[PDB]
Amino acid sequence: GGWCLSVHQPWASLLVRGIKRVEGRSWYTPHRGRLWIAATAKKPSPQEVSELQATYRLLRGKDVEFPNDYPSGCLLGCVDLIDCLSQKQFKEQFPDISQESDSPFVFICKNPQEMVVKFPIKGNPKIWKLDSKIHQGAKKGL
């Protein structure tokens, strides 16, 4: 079926944009391939948005094109989770982006996709299974 990871905004929208290229967690995951991204229920403050955008200007340049909305509580899109590296192997295998994450495990993401219509959703911990009908309509929407 469809497997999903819930992420706090404004990080989540950066992930489905391809602006944020890794996701850092304290725990390891065997999951590979298509990983759906849902924003958690957390509402980001305007400060949180501007501070995160500033940090990514340091990391990816002044001409990063950020999203104009960071909606919470919805399915945003998907990435492909190609690898889950320890922090040590992250630095060694990705020294050009090693600075994007200080977490114990680092989810290596490619092929970011962003949905045009974001389906409302209530998330779960870690990587969890989408209800089959939201998943179906979600891959249709793409």
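Start at 1 and count along the sequence shown; that's the residue number. So that the term is clear: the rigid core is the largest set of C-alpha atoms that superpose within 1.5 Å between two forms.
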In 7 other deposited structures of this protein, superposed on the rigid core, which stretch sits farther off in Cα RMS terms, 22-30 or 49-57?
49-57
In 7 other deposited structures of this protein, with the rigid core superposed, the stretch whose C-alphas stray more from the shown form, 60-68 or 89-97, is 60-68
If you average the Cα B factors in the entry, which is higher, 52-60 or 86-94?
86-94
Looking at the entry, does 5-13 or 115-123 show the higher mean C-alpha B-factor?
115-123
Would you mind checking which of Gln99, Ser45, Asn68, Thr40 has the top Cα temperature factor in the PDB entry?
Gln99
